[PDB]
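Asks: Provided herewith: query_20.cif, mmCIF, C-alpha atoms.
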data_data
loop_
_atom_site.label_atom_id
_atom_site.label_comp_id
_atom_site.auth_asym_id
_atom_site.auth_seq_id
_atom_site.Cartn_x
_atom_site.Cartn_y
_atom_site.Cartn_z
CA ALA C 3 -177.29 121.45 -49.49
CA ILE C 4 -176.34 124.34 -51.86
CA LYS C 5 -172.95 124.14 -53.64
CA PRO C 6 -170.78 127.09 -54.79
CA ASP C 7 -171.62 126.08 -58.42
CA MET C 8 -175.20 124.97 -59.25
CA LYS C 9 -177.03 124.14 -62.51
CA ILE C 10 -180.40 125.50 -63.72
CA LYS C 11 -183.07 123.73 -65.76
CA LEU C 12 -186.27 125.58 -66.75
CA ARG C 13 -189.46 125.10 -68.76
CA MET C 14 -191.86 128.02 -69.15
CA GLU C 15 -195.39 127.61 -70.56
CA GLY C 16 -197.39 130.81 -70.98
CA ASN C 17 -199.73 132.99 -72.99
CA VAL C 18 -199.49 136.82 -73.58
CA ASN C 19 -202.50 138.51 -75.34
CA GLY C 20 -203.69 134.99 -76.41
CA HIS C 21 -200.25 134.03 -77.86
CA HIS C 22 -199.18 130.55 -76.53
CA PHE C 23 -195.47 129.61 -76.12
CA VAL C 24 -193.14 127.07 -74.47
CA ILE C 25 -189.53 128.18 -73.67
CA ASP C 26 -186.76 125.94 -72.15
CA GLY C 27 -183.64 127.10 -70.25
CA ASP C 28 -180.24 125.66 -69.25
CA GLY C 29 -177.78 127.56 -67.05
CA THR C 30 -175.34 127.76 -64.14
CA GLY C 31 -174.97 130.03 -61.14
CA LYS C 32 -172.87 130.88 -58.08
CA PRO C 33 -175.41 131.04 -55.21
CA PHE C 34 -172.88 132.59 -52.74
CA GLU C 35 -171.58 135.20 -55.32
CA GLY C 36 -175.16 136.20 -56.39
CA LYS C 37 -174.66 135.51 -60.15
CA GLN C 38 -176.62 133.32 -62.60
CA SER C 39 -176.61 132.90 -66.38
CA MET C 40 -178.75 130.75 -68.69
CA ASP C 41 -179.38 129.99 -72.38
CA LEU C 42 -183.07 130.16 -73.34
CA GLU C 43 -184.70 128.60 -76.43
CA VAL C 44 -188.30 129.18 -77.63
CA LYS C 45 -189.66 125.69 -78.47
CA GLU C 46 -193.25 126.62 -79.55
CA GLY C 47 -195.01 129.90 -80.53
CA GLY C 48 -191.91 131.64 -82.03
CA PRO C 49 -191.21 134.17 -83.35
CA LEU C 50 -192.92 135.77 -80.30
CA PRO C 51 -195.20 138.70 -81.35
CA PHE C 52 -194.27 140.74 -78.21
CA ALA C 53 -191.16 142.10 -76.46
CA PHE C 54 -188.99 139.33 -74.92
CA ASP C 55 -188.15 141.87 -72.11
CA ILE C 56 -191.56 141.17 -70.35
CA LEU C 57 -190.59 137.41 -69.84
CA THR C 58 -186.99 137.84 -68.56
CA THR C 59 -187.69 138.38 -64.80
CA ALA C 60 -189.87 135.16 -64.84
CA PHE C 61 -186.75 133.16 -65.99
CA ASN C 63 -184.33 131.97 -58.25
CA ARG C 64 -183.47 134.31 -55.33
CA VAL C 65 -181.13 131.47 -54.06
CA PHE C 66 -178.60 133.17 -56.41
CA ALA C 67 -178.32 136.36 -54.29
CA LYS C 68 -175.31 137.39 -52.16
CA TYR C 69 -176.70 137.54 -48.58
CA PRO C 70 -174.65 139.09 -45.76
CA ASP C 71 -174.47 137.20 -42.37
CA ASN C 72 -176.86 139.71 -40.69
CA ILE C 73 -179.94 138.94 -42.89
CA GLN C 74 -181.82 135.58 -42.65
CA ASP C 75 -181.48 133.90 -46.09
CA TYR C 76 -185.02 132.43 -46.50
CA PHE C 77 -184.06 131.08 -49.96
CA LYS C 78 -180.94 129.01 -49.21
CA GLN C 79 -182.65 127.66 -46.02
CA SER C 80 -185.72 126.52 -48.12
CA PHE C 81 -183.65 123.71 -49.79
CA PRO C 82 -183.47 120.84 -50.37
CA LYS C 83 -187.34 120.79 -50.50
CA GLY C 84 -187.49 124.20 -52.29
CA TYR C 85 -190.06 127.04 -52.49
CA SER C 86 -192.55 128.75 -54.85
CA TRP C 87 -193.36 132.36 -55.76
CA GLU C 88 -196.34 134.10 -57.35
CA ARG C 89 -195.80 137.49 -58.97
CA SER C 90 -197.99 140.25 -60.45
CA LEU C 91 -196.63 142.75 -63.05
CA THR C 92 -198.77 145.95 -63.42
CA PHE C 93 -197.72 148.28 -66.32
CA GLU C 94 -198.70 151.98 -66.61
CA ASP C 95 -200.82 151.37 -69.81
CA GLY C 96 -203.04 148.72 -68.16
CA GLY C 97 -200.96 145.67 -69.19
CA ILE C 98 -201.05 142.97 -66.44
CA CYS C 99 -199.03 139.72 -66.07
CA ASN C 100 -199.30 136.93 -63.50
CA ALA C 101 -196.37 134.49 -63.15
CA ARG C 102 -195.63 131.56 -60.83
CA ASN C 103 -192.56 129.32 -60.32
CA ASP C 104 -192.21 126.06 -58.31
CA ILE C 105 -188.44 125.47 -57.65
CA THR C 106 -187.03 122.06 -56.66
CA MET C 107 -183.43 120.85 -56.32
CA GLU C 108 -182.18 117.45 -57.57
CA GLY C 109 -178.48 117.02 -56.71
CA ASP C 110 -176.51 119.99 -58.12
CA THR C 111 -179.51 121.16 -60.30
CA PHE C 112 -182.52 123.46 -59.65
CA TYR C 113 -185.64 122.60 -61.69
CA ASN C 114 -188.07 125.51 -62.37
CA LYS C 115 -191.72 124.99 -63.47
CA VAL C 116 -192.57 128.53 -64.72
CA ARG C 117 -196.04 129.66 -65.81
CA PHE C 118 -196.58 133.15 -67.31
CA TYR C 119 -199.84 134.91 -68.27
CA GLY C 120 -200.08 138.42 -69.75
CA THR C 121 -203.19 140.30 -70.94
CA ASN C 122 -204.56 143.79 -71.64
CA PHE C 123 -201.44 145.03 -73.51
CA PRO C 124 -202.54 147.65 -76.06
CA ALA C 125 -201.83 146.51 -79.67
CA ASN C 126 -200.14 149.98 -80.27
CA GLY C 127 -198.08 149.81 -77.01
CA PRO C 128 -194.29 149.19 -76.70
CA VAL C 129 -194.74 145.49 -75.66
CA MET C 130 -196.83 144.36 -78.69
CA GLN C 131 -194.77 146.65 -81.08
CA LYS C 132 -191.42 145.43 -79.59
CA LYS C 133 -190.03 148.93 -78.69
CA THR C 134 -188.46 147.86 -75.31
CA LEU C 135 -184.65 148.05 -74.92
CA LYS C 136 -183.97 146.87 -71.30
CA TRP C 137 -184.97 146.80 -67.61
CA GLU C 138 -183.34 149.52 -65.46
CA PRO C 139 -181.46 148.27 -62.36
CA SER C 140 -183.68 148.49 -59.21
CA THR C 141 -183.98 147.67 -55.45
CA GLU C 142 -186.52 145.08 -54.18
CA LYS C 143 -188.14 145.99 -50.82
CA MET C 144 -188.56 142.78 -48.70
CA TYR C 145 -191.05 142.55 -45.79
CA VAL C 146 -193.68 140.24 -44.20
CA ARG C 147 -197.39 140.75 -45.08
CA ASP C 148 -199.80 138.48 -43.06
CA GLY C 149 -197.19 135.74 -42.40
CA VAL C 150 -195.96 135.74 -46.06
CA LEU C 151 -192.56 137.10 -47.24
CA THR C 152 -193.48 139.79 -49.84
CA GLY C 153 -191.33 141.97 -52.13
CA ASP C 154 -192.13 145.18 -54.09
CA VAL C 155 -190.23 146.71 -57.07
CA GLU C 156 -191.07 150.04 -58.81
CA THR C 157 -188.96 150.01 -62.04
CA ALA C 158 -189.26 150.66 -65.76
CA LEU C 159 -188.34 149.44 -69.23
CA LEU C 160 -186.20 151.80 -71.32
CA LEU C 161 -187.97 152.28 -74.72
CA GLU C 162 -186.54 153.53 -78.02
CA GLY C 163 -186.64 157.36 -78.25
CA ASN C 164 -185.57 158.28 -74.65
CA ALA C 165 -188.77 157.11 -72.89
CA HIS C 166 -189.56 154.81 -69.92
CA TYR C 167 -192.46 152.34 -69.51
CA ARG C 168 -193.15 151.93 -65.77
CA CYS C 169 -194.02 148.60 -64.05
CA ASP C 170 -194.82 147.68 -60.39
CA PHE C 171 -193.90 144.13 -59.22
CA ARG C 172 -195.36 142.41 -56.15
CA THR C 173 -194.05 138.89 -55.36
CA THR C 174 -194.88 136.41 -52.55
CA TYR C 175 -192.50 133.59 -51.53
CA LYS C 176 -193.45 130.37 -49.73
CA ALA C 177 -191.07 127.60 -48.56
CA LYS C 178 -192.38 124.03 -49.07
CA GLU C 179 -191.32 123.27 -45.44
CA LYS C 180 -193.45 124.74 -42.64
CA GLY C 181 -190.85 125.95 -40.07
CA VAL C 182 -188.53 128.02 -42.34
CA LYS C 183 -188.34 131.31 -40.33
CA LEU C 184 -189.19 134.57 -42.17
CA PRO C 185 -186.44 137.22 -42.34
CA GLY C 186 -186.68 140.82 -41.21
CA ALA C 187 -187.34 143.52 -43.81
CA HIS C 188 -184.34 144.21 -46.07
CA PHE C 189 -183.42 145.23 -49.64
CA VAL C 190 -182.13 143.31 -52.69
CA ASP C 191 -180.22 145.29 -55.36
CA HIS C 192 -180.43 143.56 -58.79
CA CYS C 193 -179.54 143.86 -62.49
CA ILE C 194 -180.84 141.69 -65.37
CA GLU C 195 -179.22 141.78 -68.86
CA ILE C 196 -179.74 139.96 -72.20
CA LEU C 197 -176.07 139.20 -73.10
CA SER C 198 -176.85 137.86 -76.62
CA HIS C 199 -179.87 137.09 -78.83
CA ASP C 200 -180.80 135.86 -82.32
CA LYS C 201 -183.06 137.69 -84.83
CA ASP C 202 -186.51 137.19 -83.19
CA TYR C 203 -185.18 136.36 -79.68
CA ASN C 204 -185.76 132.59 -80.25
CA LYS C 205 -182.34 132.01 -78.54
CA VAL C 206 -181.28 134.36 -75.70
CA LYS C 207 -178.44 134.39 -73.15
CA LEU C 208 -179.60 136.02 -69.85
CA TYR C 209 -177.44 137.22 -66.88
CA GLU C 210 -178.65 138.34 -63.39
CA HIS C 211 -176.63 139.64 -60.40
CA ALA C 212 -178.18 140.36 -56.98
CA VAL C 213 -176.94 141.60 -53.55
CA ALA C 214 -179.02 141.81 -50.34
CA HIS C 215 -178.35 144.65 -47.86
CA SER C 216 -179.88 146.68 -44.95
CA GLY C 217 -179.85 149.92 -47.03
CA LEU C 218 -176.53 151.33 -45.61
#
Taking this structure as input, can you express it in the form of structure tokens?

Replies:
Amino acid sequence: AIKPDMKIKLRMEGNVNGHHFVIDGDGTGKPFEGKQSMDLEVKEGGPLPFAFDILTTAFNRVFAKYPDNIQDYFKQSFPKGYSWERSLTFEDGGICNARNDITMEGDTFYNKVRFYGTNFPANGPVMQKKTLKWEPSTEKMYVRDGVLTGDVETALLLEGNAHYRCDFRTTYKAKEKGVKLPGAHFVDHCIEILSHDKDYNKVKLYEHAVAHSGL
């Protein structure tokens, strides 16, 4: 069902601190190598009045290198696909909720992304655009009440040698009843903006991910 080379199509509609936007994406990935890249364009609401870095993790865990010894929930969820809901809790009270419904049509994944942020302080690094990047992290994967869940404790690097801490919780649900849940495991990952224009209206994004048993 999943080919060594797959395409990505994306539309995100969201609002952060009452600021509405629509952002489209076009990309390619190697599901078996755990690599994806995409070109993003802001279609409405630009130039965004907040850090682009808070949207980047909302822009498909099907593009993770899984070893044989861990059940790959994400490749086995296709062709029907799966959804996730995610909460982002920042140290300064900022909160985001994001959801994605992922379908596959031939060699292409379609992503319907929604993103909602609120309670970011006007003087904070997100609304002042002082964020530099996400630090690489490890996702902890386990089952909570019959639902595959993942936790990430990570941080944004800010200008002036400071970090801005964020906790992620994500839940993942296959469209097909019957897709067996995996055992607990880890996913190492890195996300990078490879290129951008002046106000981040056009952005090239890269992600690489590897699943392991922590040895």

Asks: For the point (-189.8, 128.0, -43.7) in the file's frame, write as a list in words all residues with an atom no more than 12 Å away, counting only C-alpha atoms.

Replies: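 Taken together, the residues in range are residues 74, 75, 76, 77, 78, 79, 80, 81, 82, 83, 84, 85, 86, 149, 150, 151, 175, 176, 177, 178, 179, 180, 181, 182, 183, 184 and 185 of chain C.
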
Asks: List the residues selected by the PyMOL selection byres ((chain C and resi 139) around 7) in the file shown, writing them as an MDAnalysis selection string.

Replies: chainID C and resid 137:138 140 192:193

Asks: Name the residues that the PyMOL selection byres ((chain C and resi 127) around 12) picks from the file above, as a PDB file with C-alpha atoms, keeping the file's coordinate frame, using the file's chain letters and numbers.

Replies:
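File written: result27.pdb
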ATOM      1  CA  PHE C  52    -194.270 140.740 -78.210  1.00  0.00           C
ATOM      2  CA  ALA C  53    -191.160 142.100 -76.460  1.00  0.00           C
ATOM      3  CA  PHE C  93    -197.720 148.280 -66.320  1.00  0.00           C
ATOM      4  CA  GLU C  94    -198.700 151.980 -66.610  1.00  0.00           C
ATOM      5  CA  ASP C  95    -200.820 151.370 -69.810  1.00  0.00           C
ATOM      6  CA  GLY C  96    -203.040 148.720 -68.160  1.00  0.00           C
ATOM      7  CA  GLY C  97    -200.960 145.670 -69.190  1.00  0.00           C
ATOM      8  CA  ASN C 122    -204.560 143.790 -71.640  1.00  0.00           C
ATOM      9  CA  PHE C 123    -201.440 145.030 -73.510  1.00  0.00           C
ATOM     10  CA  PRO C 124    -202.540 147.650 -76.060  1.00  0.00           C
ATOM     11  CA  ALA C 125    -201.830 146.510 -79.670  1.00  0.00           C
ATOM     12  CA  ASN C 126    -200.140 149.980 -80.270  1.00  0.00           C
ATOM     13  CA  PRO C 128    -194.290 149.190 -76.700  1.00  0.00           C
ATOM     14  CA  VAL C 129    -194.740 145.490 -75.660  1.00  0.00           C
ATOM     15  CA  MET C 130    -196.830 144.360 -78.690  1.00  0.00           C
ATOM     16  CA  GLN C 131    -194.770 146.650 -81.080  1.00  0.00           C
ATOM     17  CA  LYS C 132    -191.420 145.430 -79.590  1.00  0.00           C
ATOM     18  CA  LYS C 133    -190.030 148.930 -78.690  1.00  0.00           C
ATOM     19  CA  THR C 134    -188.460 147.860 -75.310  1.00  0.00           C
ATOM     20  CA  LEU C 161    -187.970 152.280 -74.720  1.00  0.00           C
ATOM     21  CA  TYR C 167    -192.460 152.340 -69.510  1.00  0.00           C
TER      22      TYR C 167
END

Asks: Might you pull out every residue within 6 Å of residue 121 of chain C, with all atoms listed in the file counted and same-chain residues fewer than 5 positions away left off, and present them as a PyMOL selection string?

Replies: chain C and resi 18-19+98

Asks: Please determine the residues with any atom at most 10 Å from (-187.9, 126.9, -57.9) (coordinates as given in the file, with only C-alpha atoms counting) and report them as a PDB file with C-alpha atoms, in the coordinates of the input.

Replies:
ATOM      1  CA  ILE C  10    -180.400 125.500 -63.720  1.00  0.00           C
ATOM      2  CA  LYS C  11    -183.070 123.730 -65.760  1.00  0.00           C
ATOM      3  CA  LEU C  12    -186.270 125.580 -66.750  1.00  0.00           C
ATOM      4  CA  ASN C  63    -184.330 131.970 -58.250  1.00  0.00           C
ATOM      5  CA  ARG C  64    -183.470 134.310 -55.330  1.00  0.00           C
ATOM      6  CA  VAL C  65    -181.130 131.470 -54.060  1.00  0.00           C
ATOM      7  CA  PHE C  77    -184.060 131.080 -49.960  1.00  0.00           C
ATOM      8  CA  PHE C  81    -183.650 123.710 -49.790  1.00  0.00           C
ATOM      9  CA  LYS C  83    -187.340 120.790 -50.500  1.00  0.00           C
ATOM     10  CA  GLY C  84    -187.490 124.200 -52.290  1.00  0.00           C
ATOM     11  CA  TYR C  85    -190.060 127.040 -52.490  1.00  0.00           C
ATOM     12  CA  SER C  86    -192.550 128.750 -54.850  1.00  0.00           C
ATOM     13  CA  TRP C  87    -193.360 132.360 -55.760  1.00  0.00           C
ATOM     14  CA  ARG C 102    -195.630 131.560 -60.830  1.00  0.00           C
ATOM     15  CA  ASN C 103    -192.560 129.320 -60.320  1.00  0.00           C
ATOM     16  CA  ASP C 104    -192.210 126.060 -58.310  1.00  0.00           C
ATOM     17  CA  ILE C 105    -188.440 125.470 -57.650  1.00  0.00           C
ATOM     18  CA  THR C 106    -187.030 122.060 -56.660  1.00  0.00           C
ATOM     19  CA  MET C 107    -183.430 120.850 -56.320  1.00  0.00           C
ATOM     20  CA  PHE C 112    -182.520 123.460 -59.650  1.00  0.00           C
ATOM     21  CA  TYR C 113    -185.640 122.600 -61.690  1.00  0.00           C
ATOM     22  CA  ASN C 114    -188.070 125.510 -62.370  1.00  0.00           C
ATOM     23  CA  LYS C 115    -191.720 124.990 -63.470  1.00  0.00           C
ATOM     24  CA  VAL C 116    -192.570 128.530 -64.720  1.00  0.00           C
ATOM     25  CA  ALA C 177    -191.070 127.600 -48.560  1.00  0.00           C
TER      26      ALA C 177
END

Asks: Can you tell me how far atom CA of residue 22 of chain C sits from atom CA of residue 154 of chain C, in Å to one decimal?

Replies: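 Atom-to-atom, atom CA of residue 22 of chain C to atom CA of residue 154 of chain C, that is 27.7 Å.
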
Asks: Adding 4 Å on each side of the box along x, y and z that holds all listed atoms of segment 120-131 of chain C, could you give its centre and edge lengths in Å to one decimal, as JSON?

Replies:
{"center_x": -199.4, "center_y": 144.2, "center_z": -75.4, "size_x": 18.3, "size_y": 19.6, "size_z": 19.3}

Asks: What is the distance between atom CA of residue 170 of chain C and atom CA of residue 90 of chain C, in Å to one decimal?

Replies: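 Taking atom CA of residue 170 of chain C as the start and atom CA of residue 90 of chain C as the end point, the length is 8.1 Å.
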
Asks: Need to verify the contact set: residue 136 of chain C, 7 Å, all atoms listed in the file, exclusion of same-chain residues closer than 6 positions in sequence. Can you return it as JSON, numbers by chain?

Replies: {"C": [55, 159, 160]}

Asks: Please report the interatomic distance between atom CA of residue 174 of chain C and atom CA of residue 141 of chain C in Å with one decimal.

Replies: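 Taking atom CA of residue 174 of chain C and atom CA of residue 141 of chain C, their separation equals 15.9 Å.
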
Asks: I need the residue nearest residue 31 of chain C from this list: C:203, C:66, C:145, C:119. Use all atoms listed in the file for the distance.

Replies: C:66

Asks: Kindly resolve the PyMOL selection byres ((chain C and resi 24) around 6) on the present coordinates and return the residues as a VMD selection string.

Replies: chain C and resid 14 to 15 23 25 45 to 46

Asks: Tell me which protein, DNA and RNA residues are within 6 Å of residue 173 of chain C, counting all atoms listed in the file, leaving out same-chain ones fewer than 2 positions away, and put them as a JSON list (two decimals) with C-alpha atoms, in the coordinates of the input.

Replies:
[["chain", "number", "residue", "atom", "x", "y", "z"],
["C", 88, "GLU", "CA", -196.34, 134.10, -57.35],
["C", 89, "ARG", "CA", -195.80, 137.49, -58.97],
["C", 152, "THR", "CA", -193.48, 139.79, -49.84],
["C", 153, "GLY", "CA", -191.33, 141.97, -52.13]]

Asks: With all atoms listed in the file as the counted atoms, please give the residues lying no more than 12 Å from residue 217 of chain C, apart from itself and same-chain residues fewer than 4 positions off, as a list in words.

Replies: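 The residues satisfying every condition are residues 73, 141, 142, 143, 144, 187, 188, 189, 190, 191 and 213 of chain C.
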
Asks: Nearest to residue 135 of chain C: which of C:196, C:108, C:171, C:101 is it, counting all atoms listed in the file?

Replies: C:196

Asks: Let me make sure I understand: among C:68, C:91, C:29, C:110, which one has the smallest atom-to-atom distance to residue 5 of chain C if we use all atoms listed in the file?

Replies: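 Nearest candidate to residue 5 of chain C out of C:68, C:91, C:29, C:110: C:110.
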
Asks: Please complete segment 57-76 of chain C so it has N, CA, C and O atoms, and hand it over as a PDB file, in the coordinates of the input.

Replies:
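Result file is out_30.pdb:
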ATOM      1  N   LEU C  57    -190.712 138.812 -70.367  1.00  0.00           N
ATOM      2  CA  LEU C  57    -190.590 137.410 -69.840  1.00  0.00           C
ATOM      3  C   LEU C  57    -189.367 137.219 -68.949  1.00  0.00           C
ATOM      4  O   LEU C  57    -189.300 136.153 -68.318  1.00  0.00           O
ATOM      5  N   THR C  58    -188.384 138.120 -68.997  1.00  0.00           N
ATOM      6  CA  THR C  58    -186.990 137.840 -68.560  1.00  0.00           C
ATOM      7  C   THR C  58    -186.925 137.692 -67.034  1.00  0.00           C
ATOM      8  O   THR C  58    -186.138 136.864 -66.570  1.00  0.00           O
ATOM      9  N   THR C  59    -187.722 138.447 -66.285  1.00  0.00           N
ATOM     10  CA  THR C  59    -187.690 138.380 -64.800  1.00  0.00           C
ATOM     11  C   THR C  59    -188.395 137.105 -64.325  1.00  0.00           C
ATOM     12  O   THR C  59    -188.176 136.734 -63.172  1.00  0.00           O
ATOM     13  N   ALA C  60    -189.211 136.448 -65.162  1.00  0.00           N
ATOM     14  CA  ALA C  60    -189.870 135.160 -64.840  1.00  0.00           C
ATOM     15  C   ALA C  60    -188.871 134.002 -64.985  1.00  0.00           C
ATOM     16  O   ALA C  60    -189.082 132.972 -64.328  1.00  0.00           O
ATOM     17  N   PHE C  61    -187.838 134.157 -65.818  1.00  0.00           N
ATOM     18  CA  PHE C  61    -186.750 133.160 -65.990  1.00  0.00           C
ATOM     19  C   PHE C  61    -185.844 133.209 -64.762  1.00  0.00           C
ATOM     20  O   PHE C  61    -185.005 132.312 -64.664  1.00  0.00           O
ATOM     21  N   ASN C  63    -184.579 132.844 -59.404  1.00  0.00           N
ATOM     22  CA  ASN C  63    -184.330 131.970 -58.250  1.00  0.00           C
ATOM     23  C   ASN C  63    -183.531 132.883 -57.336  1.00  0.00           C
ATOM     24  O   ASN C  63    -182.428 133.284 -57.763  1.00  0.00           O
ATOM     25  N   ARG C  64    -184.130 133.332 -56.234  1.00  0.00           N
ATOM     26  CA  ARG C  64    -183.470 134.310 -55.330  1.00  0.00           C
ATOM     27  C   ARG C  64    -182.421 133.572 -54.493  1.00  0.00           C
ATOM     28  O   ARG C  64    -181.765 134.239 -53.736  1.00  0.00           O
ATOM     29  N   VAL C  65    -182.230 132.263 -54.695  1.00  0.00           N
ATOM     30  CA  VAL C  65    -181.130 131.470 -54.060  1.00  0.00           C
ATOM     31  C   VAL C  65    -179.771 131.972 -54.579  1.00  0.00           C
ATOM     32  O   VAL C  65    -178.732 131.894 -53.825  1.00  0.00           O
ATOM     33  N   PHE C  66    -179.765 132.514 -55.791  1.00  0.00           N
ATOM     34  CA  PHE C  66    -178.600 133.170 -56.410  1.00  0.00           C
ATOM     35  C   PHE C  66    -178.559 134.657 -56.074  1.00  0.00           C
ATOM     36  O   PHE C  66    -178.526 135.479 -57.004  1.00  0.00           O
ATOM     37  N   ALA C  67    -178.573 134.989 -54.789  1.00  0.00           N
ATOM     38  CA  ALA C  67    -178.320 136.360 -54.290  1.00  0.00           C
ATOM     39  C   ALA C  67    -177.237 136.284 -53.221  1.00  0.00           C
ATOM     40  O   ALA C  67    -177.305 135.384 -52.373  1.00  0.00           O
ATOM     41  N   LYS C  68    -176.301 137.224 -53.246  1.00  0.00           N
ATOM     42  CA  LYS C  68    -175.310 137.390 -52.160  1.00  0.00           C
ATOM     43  C   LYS C  68    -176.030 137.948 -50.929  1.00  0.00           C
ATOM     44  O   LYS C  68    -176.483 139.107 -50.959  1.00  0.00           O
ATOM     45  N   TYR C  69    -176.153 137.133 -49.890  1.00  0.00           N
ATOM     46  CA  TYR C  69    -176.700 137.540 -48.580  1.00  0.00           C
ATOM     47  C   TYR C  69    -175.548 137.777 -47.614  1.00  0.00           C
ATOM     48  O   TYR C  69    -174.617 136.973 -47.534  1.00  0.00           O
ATOM     49  N   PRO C  70    -175.598 138.882 -46.843  1.00  0.00           N
ATOM     50  CA  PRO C  70    -174.650 139.090 -45.760  1.00  0.00           C
ATOM     51  C   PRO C  70    -175.140 138.252 -44.566  1.00  0.00           C
ATOM     52  O   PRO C  70    -176.318 137.844 -44.575  1.00  0.00           O
ATOM     53  N   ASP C  71    -174.248 138.020 -43.597  1.00  0.00           N
ATOM     54  CA  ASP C  71    -174.470 137.200 -42.370  1.00  0.00           C
ATOM     55  C   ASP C  71    -175.674 137.733 -41.578  1.00  0.00           C
ATOM     56  O   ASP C  71    -176.333 136.932 -40.889  1.00  0.00           O
ATOM     57  N   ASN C  72    -175.916 139.048 -41.632  1.00  0.00           N
ATOM     58  CA  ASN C  72    -176.860 139.710 -40.690  1.00  0.00           C
ATOM     59  C   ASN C  72    -178.295 139.714 -41.223  1.00  0.00           C
ATOM     60  O   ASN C  72    -179.174 140.283 -40.556  1.00  0.00           O
ATOM     61  N   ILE C  73    -178.552 139.090 -42.368  1.00  0.00           N
ATOM     62  CA  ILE C  73    -179.940 138.940 -42.890  1.00  0.00           C
ATOM     63  C   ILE C  73    -180.210 137.451 -43.103  1.00  0.00           C
ATOM     64  O   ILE C  73    -179.415 136.808 -43.788  1.00  0.00           O
ATOM     65  N   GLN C  74    -181.314 136.970 -42.534  1.00  0.00           N
ATOM     66  CA  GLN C  74    -181.820 135.580 -42.650  1.00  0.00           C
ATOM     67  C   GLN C  74    -182.033 135.299 -44.132  1.00  0.00           C
ATOM     68  O   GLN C  74    -182.760 136.049 -44.764  1.00  0.00           O
ATOM     69  N   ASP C  75    -181.358 134.281 -44.657  1.00  0.00           N
ATOM     70  CA  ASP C  75    -181.480 133.900 -46.090  1.00  0.00           C
ATOM     71  C   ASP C  75    -182.581 132.842 -46.185  1.00  0.00           C
ATOM     72  O   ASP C  75    -182.267 131.659 -46.140  1.00  0.00           O
ATOM     73  N   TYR C  76    -183.824 133.288 -46.355  1.00  0.00           N
ATOM     74  CA  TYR C  76    -185.020 132.430 -46.500  1.00  0.00           C
ATOM     75  C   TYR C  76    -184.816 131.410 -47.628  1.00  0.00           C
ATOM     76  O   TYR C  76    -185.362 130.296 -47.557  1.00  0.00           O
TER      77      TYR C  76
END
